[PDB]
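Reading through the structure tokens given below for one structure.
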Amino acid sequence: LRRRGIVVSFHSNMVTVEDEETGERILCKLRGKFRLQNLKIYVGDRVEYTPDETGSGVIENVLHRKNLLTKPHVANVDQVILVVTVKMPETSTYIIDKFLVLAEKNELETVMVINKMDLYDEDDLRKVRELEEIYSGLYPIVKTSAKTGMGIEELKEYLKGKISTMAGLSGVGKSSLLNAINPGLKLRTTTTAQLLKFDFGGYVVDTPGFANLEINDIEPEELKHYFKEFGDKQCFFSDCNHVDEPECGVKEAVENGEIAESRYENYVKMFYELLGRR
Ligand SMILES: Nc1nc2c(ncn2[C@@H]2O[C@H](COP(=O)(O)OP(=O)(O)O)[C@@H](O)[C@H]2O)c(=O)[nH]1
Ligand SMILES: [Zn+2]
């Protein structure tokens with residue numbers, strides 16, 4: 001009879017589902033009119049199927065998704081674990097804000113993780129204090145070391161229950177942190193993502209988030225809504241883009257220091273970058 005499950009991967013041209021109750025990995029086939037209609041199914045999709053245990057099962061229906069990450073297709077993602085690096089990979093605030101813009105656009109909770117702390121000397125630490133100085137009040141920050149183990153237990157606290165996606169520049173330590181959180185687990189024909197179950201309940205995606213940092217589906221005038229800070233600020237004009245406009249609460253805030261310059265700076269850069277399109 002009808003049982004609820006979460007899709008976790010696509011094996012041998014078939015959907016692999018996991019039983020929401022207390023189930024194992026039941027392989028499946030989608031039947032019905034999903035054919036007639038165009039109701040596509042993805043990893044992370046919640047579904048209800050028929051347990052013909054005498055050989056896997058059959059997917060009867062696919063629930064409605066809260067969202068759908070793209071390239072590595074993933075549905076119903078709650079969190080973005082943004083792993084950042086001050087030294088070694090060197091992460092610019094610009095890249096960081098593009099990541100946040102993306103996480104916000106897909107309406108996801110974001111947890112910023114400054115990794116490789118074990119490698120930082122005094123100058124590096126200063127750069128760290130600058131990251132906290134910028135993002136402290138906009139997002140949760142956790143200082144970690146995949147090697148030392150520093151900050152992992154605290155990070156396990158955010159992964160619990162939720163379906164999470166790792167994001168960050170190559171080399172920043174995404175796969176190493178994963179293994180630090182759950183020995184054995186690791187980041188990545190077979191072009192679809194997979195959901196890895198955490199020891200403590202919850203899942204993390206096979207491959208990394210928006211690795212292609214593609215901000216195009218965003219209209220210029222839309223971008224401003226993806227910078228938390230820009231909101232409680234009042235600007236003269238109706239829907240002021242905060243760039244040239246004559247009077248801007250946002251521009252005012254920057255001259256004050258209520259808004260980090262880097263934030264404004266990167267937002268404007270991104271703004272103009274989106275304008276170049278017809
Ligand atoms: N010292 C130190 N090295 C780390 C840390 N995390 C990852 N690394 C190293 O950084 C390299 C890249 O890590 P990896 O997890 O593969 O990066 P990813 O591309 O973000 O998944 C590997 O050679 C690791 O040995 C960390 O917290 N501290
Ligand atoms: Zn404005």
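In the structure tokens, each chain is lettered A, B, ... as it comes, each chain's residues begin at 1, and ligands are numbered from 1 in order of appearance.
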
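Taking only C-alpha atoms and all ligand atoms into account, the protein and nucleic acid residues that come at most 7 Å from ligand 1 are residues 115, 116, 117, 118, 119, 144, 145, 146, 147, 148, 168, 169, 170, 171, 172, 173, 174, 175, 176, 177 and 187 of chain A.
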
Could those residues be written to a file, using C-alpha atoms, as a tab-separated table (two decimals), in the first residue's frame?
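Listed below is the output, part03.tsv:
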chain	number	residue	atom	x	y	z
A	115	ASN	CA	37.60	26.35	7.10
A	116	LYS	CA	41.30	25.41	7.46
A	117	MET	CA	41.68	27.39	10.68
A	118	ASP	CA	44.57	25.15	11.68
A	119	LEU	CA	46.60	26.76	8.90
A	144	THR	CA	36.37	24.76	11.33
A	145	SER	CA	39.30	22.47	10.60
A	146	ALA	CA	38.59	19.24	8.76
A	147	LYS	CA	41.98	18.10	10.08
A	148	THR	CA	41.92	19.22	13.72
A	168	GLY	CA	32.53	26.85	-2.18
A	169	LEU	CA	35.60	27.23	-4.40
A	170	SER	CA	37.48	24.05	-5.37
A	171	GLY	CA	40.00	23.13	-2.72
A	172	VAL	CA	38.35	25.08	0.07
A	173	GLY	CA	37.82	21.76	1.88
A	174	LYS	CA	34.22	20.72	1.11
A	175	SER	CA	34.90	16.99	0.76
A	176	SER	CA	37.30	16.94	3.74
A	177	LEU	CA	34.74	18.52	6.08
A	187	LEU	CA	31.87	14.45	-2.44

Any chance you could list, as a list in words, the residues in range 143-249 of chain A that come up strand (DSSP E) when DSSP is run on the backbone? residues 143, 163, 164, 165, 166, 167, 195, 196, 197, 203, 204 and 205 of chain A

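The nearest approach to residue 86 in chain A among the residues A:143, A:25, A:35, A:65, with only C-alpha atoms taken into account, belongs to A:143.
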
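Based on only C-alpha atoms and all ligand atoms, the protein and nucleic acid residues found within 9 Å of ligand 2 are, by chain and then by number, residues 230, 233, 234, 235, 236, 237, 238, 239, 240, 241, 242, 243, 244, 245, 246, 247, 248, 249, 250, 251 and 252 of chain A.
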
Can you write out as a tab-separated table which residues of range 6-106 of chain A fall within 9 Å of range 120-139 of chain A, alongside each residue's closest atom pair and its distance in Å to one decimal, counting only C-alpha atoms and ordering rows by chain and ascending residue number?
residue	atom	partner	partner_atom	distance
A:85	CA	A:128	CA	8.9
A:86	CA	A:127	CA	6.7
A:87	CA	A:124	CA	6.7
A:93	CA	A:131	CA	8.3

Please produce a file of those selected residues containing N, CA, C and O atoms, as a PDB file, in the first residue's frame.
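Saved the output as out.pdb:
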ATOM      1  N   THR A  85      37.431  30.098   2.533  1.00  0.00           N
ATOM      2  CA  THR A  85      38.850  30.004   2.828  1.00  0.00           C
ATOM      3  C   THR A  85      39.533  31.367   2.719  1.00  0.00           C
ATOM      4  O   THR A  85      39.395  32.040   1.697  1.00  0.00           O
ATOM      5  N   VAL A  86      40.261  31.794   3.748  1.00  0.00           N
ATOM      6  CA  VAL A  86      40.939  33.095   3.632  1.00  0.00           C
ATOM      7  C   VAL A  86      42.304  32.930   2.988  1.00  0.00           C
ATOM      8  O   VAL A  86      42.716  33.740   2.149  1.00  0.00           O
ATOM      9  N   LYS A  87      42.988  31.864   3.387  1.00  0.00           N
ATOM     10  CA  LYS A  87      44.325  31.547   2.904  1.00  0.00           C
ATOM     11  C   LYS A  87      44.147  30.515   1.807  1.00  0.00           C
ATOM     12  O   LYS A  87      43.120  30.494   1.153  1.00  0.00           O
ATOM     13  N   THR A  93      35.396  38.211  -1.221  1.00  0.00           N
ATOM     14  CA  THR A  93      34.050  38.498  -0.741  1.00  0.00           C
ATOM     15  C   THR A  93      33.099  38.470  -1.930  1.00  0.00           C
ATOM     16  O   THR A  93      31.935  38.097  -1.795  1.00  0.00           O
TER      17      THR A  93
END

Residues of range 22-130 of chain A within 12 Å of range 259-270 of chain A: nearest atom pair and distance (Å, one decimal) for each, counting only C-alpha atoms, sorted by chain and number, as JSON lines?
{"residue": "A:92", "atom": "CA", "partner": "A:262", "partner_atom": "CA", "distance": 9.9}
{"residue": "A:93", "atom": "CA", "partner": "A:262", "partner_atom": "CA", "distance": 6.9}
{"residue": "A:94", "atom": "CA", "partner": "A:266", "partner_atom": "CA", "distance": 5.5}
{"residue": "A:95", "atom": "CA", "partner": "A:266", "partner_atom": "CA", "distance": 8.9}
{"residue": "A:96", "atom": "CA", "partner": "A:266", "partner_atom": "CA", "distance": 9.6}
{"residue": "A:97", "atom": "CA", "partner": "A:266", "partner_atom": "CA", "distance": 7.2}
{"residue": "A:98", "atom": "CA", "partner": "A:270", "partner_atom": "CA", "distance": 8.1}
{"residue": "A:99", "atom": "CA", "partner": "A:266", "partner_atom": "CA", "distance": 11.6}
{"residue": "A:100", "atom": "CA", "partner": "A:263", "partner_atom": "CA", "distance": 11.0}
{"residue": "A:101", "atom": "CA", "partner": "A:267", "partner_atom": "CA", "distance": 9.2}
{"residue": "A:102", "atom": "CA", "partner": "A:270", "partner_atom": "CA", "distance": 11.9}
{"residue": "A:130", "atom": "CA", "partner": "A:260", "partner_atom": "CA", "distance": 10.4}

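Residues within 12 Å of residue 276 in chain A, counting only C-alpha atoms and excluding same-chain residues fewer than 3 positions away, are residues 216, 218, 219, 220, 269, 270, 271, 272 and 273 of chain A.
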
Since we have the selection now, will you write its residues out, keeping N, CA, C and O atoms, as a tab-separated table (two decimals), in the first residue's frame?
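Output saved as part.tsv:
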chain	number	residue	atom	x	y	z
A	216	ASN	N	22.24	34.49	-13.85
A	216	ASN	CA	21.75	35.02	-15.11
A	216	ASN	C	20.24	35.05	-15.10
A	216	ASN	O	19.62	35.94	-15.69
A	218	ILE	N	18.63	36.02	-13.10
A	218	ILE	CA	18.27	37.17	-12.28
A	218	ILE	C	18.24	38.50	-13.02
A	218	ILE	O	19.21	38.88	-13.69
A	219	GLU	N	17.12	39.20	-12.91
A	219	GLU	CA	16.95	40.50	-13.55
A	219	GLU	C	17.72	41.51	-12.70
A	219	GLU	O	17.78	41.38	-11.48
A	220	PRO	N	18.30	42.53	-13.33
A	220	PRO	CA	19.06	43.53	-12.59
A	220	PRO	C	18.31	44.07	-11.37
A	220	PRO	O	18.79	44.00	-10.24
A	269	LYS	N	28.64	45.73	-8.74
A	269	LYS	CA	29.39	45.01	-9.77
A	269	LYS	C	28.45	43.99	-10.41
A	269	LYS	O	28.31	43.93	-11.63
A	270	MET	N	27.80	43.19	-9.56
A	270	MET	CA	26.86	42.19	-10.05
A	270	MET	C	25.72	42.85	-10.81
A	270	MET	O	25.30	42.37	-11.86
A	271	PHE	N	25.21	43.96	-10.27
A	271	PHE	CA	24.13	44.68	-10.91
A	271	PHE	C	24.49	44.92	-12.37
A	271	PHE	O	23.84	44.40	-13.28
A	272	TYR	N	25.54	45.70	-12.59
A	272	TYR	CA	25.98	46.01	-13.94
A	272	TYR	C	26.26	44.77	-14.81
A	272	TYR	O	26.02	44.77	-16.03
A	273	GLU	N	26.75	43.70	-14.18
A	273	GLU	CA	27.03	42.45	-14.88
A	273	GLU	C	25.75	41.85	-15.44
A	273	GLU	O	25.77	41.20	-16.49

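Distances from A:71, A:156, A:197, A:277 to residue 211 in chain A were compared using only C-alpha atoms, and the smallest one belongs to A:71.
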